[PDB]
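Here the structure comes first, spelled out in structure tokens, and everything after it is commentary.
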Amino acid sequence: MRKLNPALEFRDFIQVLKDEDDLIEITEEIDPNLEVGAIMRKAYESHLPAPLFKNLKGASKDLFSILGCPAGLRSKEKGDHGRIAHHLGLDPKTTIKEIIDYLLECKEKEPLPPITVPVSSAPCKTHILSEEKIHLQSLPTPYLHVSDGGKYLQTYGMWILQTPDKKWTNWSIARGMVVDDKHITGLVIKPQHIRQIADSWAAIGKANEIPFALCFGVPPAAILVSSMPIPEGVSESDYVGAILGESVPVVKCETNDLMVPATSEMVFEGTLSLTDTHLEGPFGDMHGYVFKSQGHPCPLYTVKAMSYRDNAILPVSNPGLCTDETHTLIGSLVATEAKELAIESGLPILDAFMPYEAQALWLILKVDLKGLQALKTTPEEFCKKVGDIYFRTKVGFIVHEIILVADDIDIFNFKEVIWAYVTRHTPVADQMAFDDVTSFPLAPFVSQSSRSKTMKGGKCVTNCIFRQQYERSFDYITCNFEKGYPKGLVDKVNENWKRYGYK
Amino acid sequence: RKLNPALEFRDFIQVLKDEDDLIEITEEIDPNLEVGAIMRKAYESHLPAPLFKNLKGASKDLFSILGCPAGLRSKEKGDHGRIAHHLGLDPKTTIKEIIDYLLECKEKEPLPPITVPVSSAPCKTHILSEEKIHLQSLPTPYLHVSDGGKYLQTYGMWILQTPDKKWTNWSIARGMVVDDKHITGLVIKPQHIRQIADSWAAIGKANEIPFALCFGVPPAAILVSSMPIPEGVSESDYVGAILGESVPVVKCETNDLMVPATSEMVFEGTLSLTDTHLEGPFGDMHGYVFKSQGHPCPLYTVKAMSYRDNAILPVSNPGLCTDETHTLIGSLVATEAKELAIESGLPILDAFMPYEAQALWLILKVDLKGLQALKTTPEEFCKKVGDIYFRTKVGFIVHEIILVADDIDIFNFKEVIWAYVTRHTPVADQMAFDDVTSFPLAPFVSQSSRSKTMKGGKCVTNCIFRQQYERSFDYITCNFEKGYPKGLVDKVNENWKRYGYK
Ligand SMILES: Cc1cc2c3c(c1C)C(C)(C)CC=[N+]3c1c([nH]c(=O)[nH]c1=O)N2C[C@H](O)[C@H](O)[C@H](O)COP(=O)(O)O
Ligand SMILES: Cc1cc2c3c(c1C)C(C)(C)CC=[N+]3c1c([nH]c(=O)[nH]c1=O)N2C[C@H](O)[C@H](O)[C@H](O)COP(=O)(O)O
Ligand SMILES: [K+]
Ligand SMILES: [K+]
Ligand SMILES: [Mn+2]
Ligand SMILES: [Mn+2]
């Protein structure tokens, strides 16, 4: 078998998961109407192998297979974050901390802008359809959740938009549903870069004609960085190239000047209008709900051209209850940028993480107690400093509760987090509300209350650092097996376990 | 005959053996740390309970240790089966069914204990008078690093009786060996051990309260010992109702208290509230040993002991979830919490204290039809709820009451945490109670200034959407079992193996 590069090539990503027994090719006919979604949910929820649906009801030979759960969790024996690790070309057993720290290290690497390759060598140019041959309604697009507002073709593809001055090309994920034979609609909302760039087209009189590309089965490093809140003005492609150690190979679109990854499974091209809008949503989302007939108009994308590979594969995320990509990518790439912001701001933080169990609503900051102690501060002042750094930023947008814990908590393990949360904060008294900051409109407690009108508040910083940890050493015993007892005793017990009779 | 694990501690051990849920460790184990460490490993992976048959320093009779008598075990055998066996219930009975059974038992005729012959009573097999009491000779475990001492009393039953003899209380409260004749332990309000002790102090007998301390009692008894049943009600009579028969008892050597005839060990003597000794710290239900944070507690003077051949000390070693301080303490508060909701007219279907929340969170499953009939608001309902629970003994340990609608399975922490984070606005949906009694054991209380006031720091958290207070609100829960029509869910489960899943 060839040497696999799953960060660079979507199909190598598929092969590496086969070789790890982490992918199940389903060859029997599966209905894109709910059945795909339901299988994906069953697989996410027990951390099982990713399904590749090779035989979809209503598919042509090329359009398409579906890959579900591309960044779901899997058994610990294989490395439970192996799928995320493979998007970055890392050892499958890498921890999430290491994943995060690698993304931060790649920020100081030389950015490698994309490299144009010949069209004759680019798999995404194998088939080219011009406008009259665009028939979105004939694609076997999944209907992912009951009461979704339409069929969501765009759950794990990359939108490419570029500023008018050509200086900033943004790659990002935002949901899109098929509206009719030629149109997609989806979220283009503040403070997302896709809206920022669309607005820069509006600012010069071209709100009804913004060029885009939508690419599926891009280099897995590209799709991951597509979900990451990197800074404005920074073209994702260049940071992808630093992650990969090589420039992303690209080709020009058929109908505009945008560059698309040469190994994409499927490329859609066209223009976006902010002034022609269509009812969109609802969509089963990151917090675990479909709220019925709660759609709202969004912009229309007119598809004008398409290109694709033989036997093309559509990667799909089907969000809901933890754990899926809206938790493993959205949350952790937020936590990555929250750590960066801590470094920028000088907060005494070791790590950051968004527990999956908290539906990417909670941001846990692991506080370096010595560094905290060096500030000579109080919980009230420190919680204010922290909330003020995070809750007015794009990075802090999805976050409604920042939880501060000492450096004895493994924040990446929710058994330790929930322990620290309930045992170390006094309800209400240890929580600081932030009334005036922008609410995340998707939080169900926000959207299903009068706060959906006012758009402000409902966020807090929760102090789970004991008062004495603001001042000095505080040595207590954590009462479990591994931490509670001397290393000699833990080993002795572990060595003799079978001999005792445990079977 | 038939084993009766509810009535006999040794039948309880036998049915755990019969289910491969008990490991008899026959090599030498040190009660210094090693027992407690083995126990922690067992609890934390829901493994078979250890029976330590050969403790360093033990005599032939005093003693073996059974750890984890109410720990959780594999779902295959019934994960709550140890608790079900304390009540003589099917081992696969769920904790909801356990709770509802305890509530049913409240309607049965109470059966007070019946005296049986001393000659037949196992707990009278060996009898020691005062001079032969040597508590330092017992292989008492040192359960956690930095414990204040060796806690003999973690899963036994204190017996105190009011001076007028109308109420005999059975309860568990920790106790450590002080010296060769004395134990010290918690005796705090609002617990009944303290309430009864105070009634003795009011008539000039604070320094001479009769007590008995019993180990390896009838498991139904040790379970009700951890339950906050009403004041004035003798546990023995409800334990009777649970068993379908009177607990068999015998009189103490040195006082008038009645002890279970099948007890493994009985210690007797006098409690003094006014002779105190440094007690603790102890690794307790919230998961911490706070080093050198002991406090003065009453002294128990042991004047007599009796015991069986080959006696067994049952032991609980608390800490991170899950152990008896969560499965018994929490669930038994929940049981009385549900009973209180019924008596107070709240529309509560079920109550539970998730193990993950270290018995600090009480979840109340609200009947939405009942809530809607109230025509109330969240603010009013949260007040009503906190007022009912936080001002009474049953609410003592609980710092946060979480209200959820009837679509949440409160026995499943995946649904509870999902509902918690998604359905309440941080701070705005929380109502603080400032003037209620704090649980002194909560680490956020003990390690703050609130340790000096003992007031406040409790809250009710509203996880019921605003619309659910008024009318129907049909939304889709985005998971496999709830999100999809039943026919599809069944179809996927039937075809799973054929897809290629293994
Ligand atoms: C991984 C992932 C990220 C989604 C996402 C999903 C996934 C799988 C979906 C498709 C399943 C459902 C909803 N999503 C949207 C989304 N951002 C957004 O504006 N609208 C969305 O609809 N995000 C987040 C978005 O990709 C991140 O906020 C990026 O930081 C945005 O890029 P930018 O920083 O360049 O604006
Ligand atoms: C099961 C159980 C219950 C403990 C307990 C433990 C266990 C295993 C320990 C021994 C491992 C550690 C600490 N415990 C104490 C405790 N109550 C108390 O006042 N002091 C305690 O030290 N409890 C709770 C007590 O048993 C319940 O609150 C009962 O409601 C008390 O009975 P009462 O209502 O008759 O007063
Ligand atoms: K991005
Ligand atoms: K009791
Ligand atoms: Mn961007
Ligand atoms: Mn009582």
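Letters A, B, ... mark the chains of the structure tokens in the order given; residue numbers begin at 1 per chain; ligand numbers begin at 1, in order shown.
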ask   = Any idea what's packed within 7 Å of residue 357 of chain B, counting only C-alpha atoms, ignoring anything in its chain fewer than 5 positions away? Could you give it as an NGL selection string?
value = :A and (418-419 or 422)
key: Expected answer as a list in words: residues within 6 Å of ligand 4, only C-alpha atoms and all ligand atoms   = residues 170, 171, 224, 225, 226, 227 and 228 of chain B
### Point-to-point distance in Å for atom 32 (O, counted along the ligand's line) of ligand 1 and atom CA of residue 226 of chain A
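Taking atom CA of residue 226 of chain A as the start and atom 32 (O, counted along the ligand's line) of ligand 1 as the end point, the length is 5.7 Å.
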What does the list of residues within 6 Å of ligand 1 look like if you count only C-alpha atoms and all ligand atoms, written as a PDB file with N, CA, C and O atoms, in the first residue's frame?
```
ATOM      1  N   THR A 155     -22.833  20.237   5.399  1.00  0.00           N
ATOM      2  CA  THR A 155     -22.472  20.119   6.798  1.00  0.00           C
ATOM      3  C   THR A 155     -20.942  19.932   7.046  1.00  0.00           C
ATOM      4  O   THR A 155     -20.499  20.090   8.166  1.00  0.00           O
ATOM      5  N   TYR A 156     -20.148  19.537   6.050  1.00  0.00           N
ATOM      6  CA  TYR A 156     -18.694  19.365   6.248  1.00  0.00           C
ATOM      7  C   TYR A 156     -17.889  19.622   4.984  1.00  0.00           C
ATOM      8  O   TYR A 156     -16.917  18.908   4.672  1.00  0.00           O
ATOM      9  N   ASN A 170     -10.924  33.409   2.625  1.00  0.00           N
ATOM     10  CA  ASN A 170     -11.388  32.737   3.806  1.00  0.00           C
ATOM     11  C   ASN A 170     -11.975  31.385   3.432  1.00  0.00           C
ATOM     12  O   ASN A 170     -12.785  31.294   2.506  1.00  0.00           O
ATOM     13  N   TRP A 171     -11.561  30.349   4.189  1.00  0.00           N
ATOM     14  CA  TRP A 171     -12.146  29.014   4.142  1.00  0.00           C
ATOM     15  C   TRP A 171     -12.904  28.757   5.426  1.00  0.00           C
ATOM     16  O   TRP A 171     -12.326  28.846   6.496  1.00  0.00           O
ATOM     17  N   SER A 172     -14.183  28.396   5.346  1.00  0.00           N
ATOM     18  CA  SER A 172     -14.971  28.168   6.542  1.00  0.00           C
ATOM     19  C   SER A 172     -16.139  27.274   6.302  1.00  0.00           C
ATOM     20  O   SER A 172     -16.555  27.056   5.190  1.00  0.00           O
ATOM     21  N   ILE A 173     -16.607  26.704   7.397  1.00  0.00           N
ATOM     22  CA  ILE A 173     -17.792  25.868   7.385  1.00  0.00           C
ATOM     23  C   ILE A 173     -18.957  26.727   7.949  1.00  0.00           C
ATOM     24  O   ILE A 173     -18.838  27.355   9.029  1.00  0.00           O
ATOM     25  N   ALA A 174     -20.064  26.658   7.232  1.00  0.00           N
ATOM     26  CA  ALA A 174     -21.376  27.167   7.607  1.00  0.00           C
ATOM     27  C   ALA A 174     -22.439  26.287   6.934  1.00  0.00           C
ATOM     28  O   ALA A 174     -22.262  25.821   5.771  1.00  0.00           O
ATOM     29  N   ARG A 175     -23.538  26.046   7.636  1.00  0.00           N
ATOM     30  CA  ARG A 175     -24.531  25.112   7.145  1.00  0.00           C
ATOM     31  C   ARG A 175     -25.244  25.643   5.904  1.00  0.00           C
ATOM     32  O   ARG A 175     -25.437  26.841   5.767  1.00  0.00           O
ATOM     33  N   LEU A 187     -26.578  29.831   6.709  1.00  0.00           N
ATOM     34  CA  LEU A 187     -26.165  30.899   7.631  1.00  0.00           C
ATOM     35  C   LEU A 187     -24.941  31.641   7.113  1.00  0.00           C
ATOM     36  O   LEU A 187     -23.927  31.006   6.820  1.00  0.00           O
ATOM     37  N   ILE A 189     -23.727  34.807   9.000  1.00  0.00           N
ATOM     38  CA  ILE A 189     -24.083  35.663  10.148  1.00  0.00           C
ATOM     39  C   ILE A 189     -22.875  36.284  10.779  1.00  0.00           C
ATOM     40  O   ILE A 189     -21.787  35.684  10.814  1.00  0.00           O
ATOM     41  N   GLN A 192     -19.108  35.962  11.843  1.00  0.00           N
ATOM     42  CA  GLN A 192     -18.366  35.027  11.025  1.00  0.00           C
ATOM     43  C   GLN A 192     -17.702  35.688   9.811  1.00  0.00           C
ATOM     44  O   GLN A 192     -18.191  36.668   9.253  1.00  0.00           O
ATOM     45  N   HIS A 193     -16.526  35.185   9.437  1.00  0.00           N
ATOM     46  CA  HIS A 193     -15.779  35.780   8.352  1.00  0.00           C
ATOM     47  C   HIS A 193     -16.435  35.710   6.987  1.00  0.00           C
ATOM     48  O   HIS A 193     -16.193  36.564   6.169  1.00  0.00           O
ATOM     49  N   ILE A 194     -17.260  34.707   6.771  1.00  0.00           N
ATOM     50  CA  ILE A 194     -18.030  34.564   5.591  1.00  0.00           C
ATOM     51  C   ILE A 194     -18.980  35.771   5.413  1.00  0.00           C
ATOM     52  O   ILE A 194     -19.048  36.303   4.323  1.00  0.00           O
ATOM     53  N   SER A 226     -10.900  25.166   8.456  1.00  0.00           N
ATOM     54  CA  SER A 226     -12.209  25.768   8.124  1.00  0.00           C
ATOM     55  C   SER A 226     -13.143  25.986   9.338  1.00  0.00           C
ATOM     56  O   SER A 226     -13.919  26.988   9.363  1.00  0.00           O
ATOM     57  N   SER A 227     -13.065  25.104  10.338  1.00  0.00           N
ATOM     58  CA  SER A 227     -13.877  25.234  11.561  1.00  0.00           C
ATOM     59  C   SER A 227     -13.217  26.023  12.681  1.00  0.00           C
ATOM     60  O   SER A 227     -13.774  26.104  13.784  1.00  0.00           O
ATOM     61  N   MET A 228     -12.036  26.578  12.424  1.00  0.00           N
ATOM     62  CA  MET A 228     -11.272  27.245  13.437  1.00  0.00           C
ATOM     63  C   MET A 228     -11.337  28.760  13.364  1.00  0.00           C
ATOM     64  O   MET A 228     -11.160  29.324  12.289  1.00  0.00           O
ATOM     65  N   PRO A 229     -11.518  29.447  14.501  1.00  0.00           N
ATOM     66  CA  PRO A 229     -11.591  30.903  14.464  1.00  0.00           C
ATOM     67  C   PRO A 229     -10.235  31.581  14.476  1.00  0.00           C
ATOM     68  O   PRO A 229      -9.808  32.276  15.447  1.00  0.00           O
ATOM     69  N   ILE A 230      -9.528  31.418  13.372  1.00  0.00           N
ATOM     70  CA  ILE A 230      -8.293  32.135  13.236  1.00  0.00           C
ATOM     71  C   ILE A 230      -8.550  33.643  12.938  1.00  0.00           C
ATOM     72  O   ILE A 230      -9.675  34.059  12.664  1.00  0.00           O
ATOM     73  N   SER A 317     -21.580  15.854   8.659  1.00  0.00           N
ATOM     74  CA  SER A 317     -21.764  15.882  10.114  1.00  0.00           C
ATOM     75  C   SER A 317     -23.270  16.034  10.423  1.00  0.00           C
ATOM     76  O   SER A 317     -24.003  16.788   9.766  1.00  0.00           O
ATOM     77  N   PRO A 319     -25.282  16.981  13.531  1.00  0.00           N
ATOM     78  CA  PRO A 319     -25.067  17.427  14.926  1.00  0.00           C
ATOM     79  C   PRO A 319     -26.172  17.074  15.872  1.00  0.00           C
ATOM     80  O   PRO A 319     -27.331  16.807  15.453  1.00  0.00           O
ATOM     81  N   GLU A 325     -18.934  16.560  15.565  1.00  0.00           N
ATOM     82  CA  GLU A 325     -17.936  17.516  15.116  1.00  0.00           C
ATOM     83  C   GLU A 325     -18.184  18.940  15.691  1.00  0.00           C
ATOM     84  O   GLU A 325     -17.246  19.751  15.802  1.00  0.00           O
ATOM     85  N   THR A 326     -19.440  19.242  16.014  1.00  0.00           N
ATOM     86  CA  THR A 326     -19.752  20.534  16.584  1.00  0.00           C
ATOM     87  C   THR A 326     -19.157  20.646  18.028  1.00  0.00           C
ATOM     88  O   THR A 326     -19.141  21.728  18.611  1.00  0.00           O
ATOM     89  N   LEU A 329     -14.706  19.595  16.950  1.00  0.00           N
ATOM     90  CA  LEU A 329     -14.041  20.643  16.176  1.00  0.00           C
ATOM     91  C   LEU A 329     -14.389  22.029  16.657  1.00  0.00           C
ATOM     92  O   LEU A 329     -13.517  22.836  16.940  1.00  0.00           O
ATOM     93  N   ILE A 330     -15.670  22.348  16.706  1.00  0.00           N
ATOM     94  CA  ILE A 330     -16.064  23.726  17.043  1.00  0.00           C
ATOM     95  C   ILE A 330     -15.504  24.020  18.422  1.00  0.00           C
ATOM     96  O   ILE A 330     -14.752  24.959  18.563  1.00  0.00           O
TER      97      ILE A 330
END
```
Got a sec to check which residues lie within 7 Å of ligand 6, using only C-alpha atoms and all ligand atoms, and send them as an mmCIF file with N, CA and C atoms, in the first residue's frame?
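Written out: pocket.cif:
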```
data_model
loop_
_atom_site.group_PDB
_atom_site.id
_atom_site.type_symbol
_atom_site.label_atom_id
_atom_site.label_comp_id
_atom_site.auth_asym_id
_atom_site.auth_seq_id
_atom_site.Cartn_x
_atom_site.Cartn_y
_atom_site.Cartn_z
ATOM 1 N N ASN B 169 -33.424 5.444 67.750
ATOM 2 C CA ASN B 169 -32.901 5.780 66.427
ATOM 3 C C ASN B 169 -31.701 4.936 66.029
ATOM 4 N N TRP B 170 -31.693 4.598 64.733
ATOM 5 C CA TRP B 170 -30.641 3.816 64.061
ATOM 6 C C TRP B 170 -30.094 4.676 62.925
ATOM 7 N N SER B 171 -28.791 4.940 62.959
ATOM 8 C CA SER B 171 -28.160 5.822 62.003
ATOM 9 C C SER B 171 -26.681 5.518 61.858
ATOM 10 N N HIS B 192 -30.414 12.977 63.818
ATOM 11 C CA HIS B 192 -31.147 12.476 64.976
ATOM 12 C C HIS B 192 -30.215 11.969 66.059
ATOM 13 N N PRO B 228 -33.073 9.433 55.906
ATOM 14 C CA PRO B 228 -33.681 10.472 56.729
ATOM 15 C C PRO B 228 -35.198 10.322 56.894
ATOM 16 N N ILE B 229 -35.597 9.209 57.494
ATOM 17 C CA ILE B 229 -37.008 9.022 57.902
ATOM 18 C C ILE B 229 -37.417 9.979 59.005
ATOM 19 N N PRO B 230 -38.749 10.189 59.170
ATOM 20 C CA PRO B 230 -39.146 11.235 60.114
ATOM 21 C C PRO B 230 -38.608 11.078 61.550
ATOM 22 N N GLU B 231 -38.436 12.210 62.223
ATOM 23 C CA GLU B 231 -38.156 12.237 63.620
ATOM 24 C C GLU B 231 -39.271 11.533 64.398
ATOM 25 N N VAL B 233 -39.751 8.484 64.609
ATOM 26 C CA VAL B 233 -40.060 7.178 64.092
ATOM 27 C C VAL B 233 -38.824 6.315 64.273
ATOM 28 N N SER B 234 -38.977 5.188 64.992
ATOM 29 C CA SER B 234 -37.921 4.247 65.176
ATOM 30 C C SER B 234 -37.672 3.461 63.884
ATOM 31 N N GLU B 235 -36.445 3.582 63.371
ATOM 32 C CA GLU B 235 -36.044 2.875 62.169
ATOM 33 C C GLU B 235 -36.399 1.403 62.134
#
```
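Residues with any atom within 8 Å of residue 465 of chain A, counting only C-alpha atoms and excluding same-chain neighbours fewer than 5 positions away, are residues 404, 405, 406, 424, 425 and 470 of chain A.
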Let me see the file: selected residues, C-alpha atoms, as an mmCIF file, in the first residue's frame.
```
data_model
loop_
_atom_site.group_PDB
_atom_site.id
_atom_site.type_symbol
_atom_site.label_atom_id
_atom_site.label_comp_id
_atom_site.auth_asym_id
_atom_site.auth_seq_id
_atom_site.Cartn_x
_atom_site.Cartn_y
_atom_site.Cartn_z
ATOM 1 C CA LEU A 404 -11.823 28.523 36.341
ATOM 2 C CA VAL A 405 -10.107 25.561 37.959
ATOM 3 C CA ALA A 406 -6.739 24.929 39.539
ATOM 4 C CA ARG A 424 -15.370 23.947 44.268
ATOM 5 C CA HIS A 425 -17.888 26.703 43.396
ATOM 6 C CA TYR A 470 -5.388 32.629 45.225
#
```
